[PDB]
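*Asks:* The sequence isn't on hand, but the structure is:
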Ligand SMILES: [Ba+2]
């Protein structure tokens, strides 16, 4: 068993690091099963040469909507749950992490099947906020996922490998995804079918 | 589909911006139905020439009250729910947003009918707190809505329009509202009637 | 109706203010009924010549305890609920406020009767944290209430008075309390009695 | 009764203090009963010569896992509950505190018996974040507990002693633990047995 963080708080990642360079999000986001729950996931990179303290991830769904009373809201925003309730949005960012939004009843994608996806007009804004340790100052990074950038039935490729008592990140594969068997029904549709 | 935020985190609003100038709240607040729920809503402007990180909205109700034991609290404060529970008060402020407080059982307006409104002695203090990205420092903006400034049965006019692959804001209409069909009963009264 | 906060965010308190001087907590804390609920309350002062942004109140109970397994914890700490769940601990501090902890089942005082109070060995640490607007920096103020400093069956005297379209604070009375009719049974005892 | 904190916010710990020196976590973590609940606990030290404001503790479980769909997550992170829900992770750090994670159904250790412990490949990362009062800046401290560093059926030795109206900390014993009678069944196993 090779430790991830040593007793003194120093992490064992990127052999010979120094703990502006910019933080990256994967180009695409994927949707696929994790433990019988359907999920939307995107990857968030670290900063090779500093920690980010009080680091947090959040996401907004941007989608123009019409209320049952006919009020039209251009580019309405609602929050996507990526760990707010359990503090799993309080990231320990010391290597690329896959953030996961479980597609449940209060999720906006609850009624969206695979066929249905490309028909929807929406954008997922991902927003990472923290305090760059070295800089002293509060930073923010953002990105965006549009309908055509969400890949149904895929998973993120692993990027973490242990080499010589240090964990190294194959950054080439950061953005890379592979296909996996994934039902094509909506989260709602799977739940109904599951319940009889 | 024209993106709101580009892959690199740069938003497509206010063609040719630079991302002290002061943040504005609409002059008035409106109350009206959104998806069968009665709502109080106010608009919060952005800062044309910077983002506001770790941006959050909150509101206090100021109203002198008397306890069932006869204790009089001048200008008592209680919190108005504008997304605290679901992180929808964690704003992504890159254009004017309508903030919405759904008038439910734990809301202070739950028992307030249209006729009843102008009789009540109360004030809604809205408070926006964030970290002006360019400035480095934590800012706070406030405003106030008194009974006579709350407009029952109205909605905010849309201000967002897509022009030339950039979203522009018709700031003339920022404060403007229009009337819409809205029952005159209290949220409580509508619920009771609804439940038989 | 004289506004508390004007449209531009400027409050109408302390006619002719400038918005180190130190923030004060009342010397004593009181326990008494508010709307059929028993409460512990302490007063927290403002800073006459600046706002405090992202202001929050919290309290710890310090009391040495012994676990059912015989482990002795000197000066154990547990959190006192003063609005954490509903964001009513996110203070809008622009004049002295009475903070209230409702003495319910999850409260530590739930089983403490009036007679019982002076027998208990405990301390309430109150801690106010914010960002002094003028200073730019994060501040913290603390105080302490010991058994003998908690006054059962009392209330805080009002200190807020409207004079000449500005709200003034009679700081002489900041610390002053008066007696009021208050049962002597514990919160638990009142609940049981209430439930038959 | 000797006060822990005086009326003016000054604490009565470390007679003759000044309120870089580094913050320490105990070398080991222990698991044992507190009030019929099984717990994992680690100790977190203070900074002798300053307070830490907006201080908070959090912990991540690092453990490589495989999803029921065969996706392998190297060094997956999930949050350990150390008071997030009740604000007991908002520390009042003015002397060494034992932080406690109660091993309940949503805890990752729920199914881990004593025998089972040394077989598991996992790491507990503890992360303390605050604002060093004197420094003005936001700090972060971290440490790590691996399987072999978790001591089953033990407790932390008390380190706090009252001497001459000041509380002193016997820092020699900071890391020291003693054994105590503790069942060897998992939290799950104890619950089942308990429920008949
Ligand atoms: Ba902060």
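*Replies:* Structure received. Numbering: from 1, shown residues only, chains lettered A, B, ... in the order given.
*Asks:* Write out the residues of chain A neighbouring chain B.
*Replies:* A:27, A:58, A:60, A:62, A:67-69, A:71-75, A:77-79, A:81, A:84, A:121, A:123, A:125, A:127, A:129, A:137-144, A:146-147 (C-beta under 8 Å from any C-beta of the partner chain). Using the backbone N, CA and C atoms, a C-beta is placed for each residue, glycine as well.
*Asks:* What subset of those residues is buried?
*Replies:* When neighbours are counted using 16 or more other C-beta atoms under 10 Å in any protein chain shown, those contain these buried positions: A:58, A:60, A:62, A:67, A:71, A:73-75, A:77, A:79, A:81, A:84, A:123, A:125, A:127, A:129, A:138-144, A:146-147.
*Asks:* so what's the closest residue to chain D within chain A closest to, chain neighbours aside?
*Replies:* Using C-beta to the nearest C-beta, the closest approach of chain A to chain D is made by residue A:9 at 3.6 Å. Leaving aside its sequence neighbours, residue A:9 sits nearest to residue D:142 (C-beta to C-beta, 6 or more residues apart in numbering or on different chains; 3.6 Å).
*Asks:* three-state assignment of that neighbour?
*Replies:* strand (DSSP: H, G, I helix; E, B strand; the rest coil).
*Asks:* From residue B:11, how far out is residue A:123?
*Replies:* According to C-beta to C-beta, to the nearest Å, residue A:123 stands 11 Å off from residue B:11.
*Asks:* who touches both of these two?
*Replies:* Common contacts of residue A:123 and residue B:11, defined by C-beta atoms under 8 Å, 6 or more residues apart in numbering or on different chains, comprise B:4, B:5.
*Asks:* Stretch A:187-196 near chain D anywhere?
*Replies:* No - using C-beta under 8 Å from any C-beta, stretch A:187-196 stays clear of chain D, coming no nearer than 13.3 Å.
*Asks:* in that stretch, what's buried?
*Replies:* A:187, A:188, A:189, A:190.
*Asks:* try stretch A:97-107
*Replies:* In terms of neighbour count (16+ other C-beta under 10 Å), stretch A:97-107 has its buried residues at A:97, A:98, A:99, A:100, A:101, A:102, A:103, A:107.
*Asks:* With stretch A:48-65 instead?
*Replies:* The neighbour-count check on stretch A:48-65 (16+ other C-beta under 10 Å) flags A:50-63 as buried.
*Asks:* With stretch A:85-101 instead?
*Replies:* A:87-101.
*Asks:* out of those residues, who's nearest residue A:171?
*Replies:* The nearest member of these to residue A:171, counting by C-beta to C-beta, is residue A:96 at 8.1 Å.
*Asks:* Without its sequence neighbours, what residue ends up closest to that closest one?
*Replies:* Excluding the flanking residues, the one nearest residue A:96 by C-beta to C-beta, 6+ apart is residue A:45, at 5.0 Å.
*Asks:* In contact with the one you found, which residues?
*Replies:* For residue A:45, the contact set (C-beta under 8 Å, 6+ apart) comprises A:23, A:24, A:25, A:96, A:174.
*Asks:* Just give the nearest non-adjacent residue to residue A:55, would you?
*Replies:* Nearest residue to residue A:55, sequence neighbours excluded (C-beta to C-beta, 6+ apart): residue A:130, at 3.6 Å.
*Asks:* scratch that, residue A:166 is what I was asking about
*Replies:* Counting by C-beta to C-beta, 6+ apart, residue A:166 lies nearest to residue A:15, which is 3.9 Å off, once chain neighbours are set aside.
*Asks:* Next: residue A:164.
*Replies:* Sequence neighbours aside, residue A:15 is the residue nearest to residue A:164 in space, at 7.0 Å (criterion: C-beta to C-beta, 6+ apart).
*Asks:* need the helices for chain A, in chain order.
*Replies:* Assigned by DSSP state H, chain A shows helices spanning A:187-194.
*Asks:* Most proximal residue of it with respect to chain B?
*Replies:* Closest residue of chain A to chain B, C-beta to the nearest C-beta: residue A:142 (3.6 Å).
*Asks:* I'd say residue A:154 and residue A:181 touch.
*Replies:* No - counting by C-beta atoms under 8 Å, residue A:154 does not reach residue A:181; the two are 10.8 Å apart.
*Asks:* who has more neighbours, those two?
*Replies:* Shown here are residue A:154 and residue A:181; by other C-beta atoms under 10 Å in any protein chain shown, residue A:154 has more neighbours (18 against 9).
*Asks:* Can you name the residues bridging to the more buried one?
*Replies:* Taking DSSP bridges as the rule, residue A:154 bridges to residue A:179.
*Asks:* show me what contacts the residue lying closest to residue A:27 once chain neighbours are set aside?
*Replies:* Spatially, and ignoring its direct neighbours in sequence, residue A:27 is nearest to residue A:175 (4.9 Å; C-beta to C-beta, 6+ apart). Neighbour list for residue A:175: A:26, A:27, A:28, A:43 [criterion: C-beta under 8 Å, 6+ apart].
*Asks:* Could you check how far residue A:175 is from residue A:43?
*Replies:* Distance of residue A:175 to residue A:43, computed by C-beta to C-beta: 8 Å.
*Asks:* what do you get for residue A:152?
*Replies:* 17 Å.
*Asks:* and what of residue A:181?
*Replies:* Taken as C-beta to C-beta, the span from residue A:181 to residue A:43 is 21 Å.
*Asks:* residue boundaries of the strands in chain A?
*Replies:* Remark: strands assigned in chain A by DSSP state E are A:29-34, A:37-44, A:52-62, A:65-66, A:72-73, A:77-80, A:97-102, A:123-132, A:138-146, A:150-152, A:154-156, A:160-163, A:166-169, A:177-179.
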